[PDB]
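*Asks:* Provided herewith is a single structure, encoded as structure tokens, for subsequent inquiry.
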Amino acid sequence: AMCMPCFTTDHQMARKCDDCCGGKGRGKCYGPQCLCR
């Protein structure tokens, strides 16, 4: 499912997840998975 992981130890996990998913607000970190909308 995931675009990439979300690691809480990476304080920029939400920005990286957005980058994976195409830009601002497009990715959500839901537990250990970055999921694209």
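Our numbering is plain: 1 for the first residue shown, then up by one each step along the chain.
The header says X-ray crystallography, 1.1 Å.
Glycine too: its Cβ is placed from the backbone N, Cα and C atoms.
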*Asks:* Quick one: which of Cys17, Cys21 does Swiss-Prot link to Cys34 by a disulfide?
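*Replies:* Out of the candidates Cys17, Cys21, the one Swiss-Prot links to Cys34 is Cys17.
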*Asks:* Choose one of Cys20, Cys21: the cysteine that Swiss-Prot connects to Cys36 by a disulfide bond.
*Replies:* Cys21
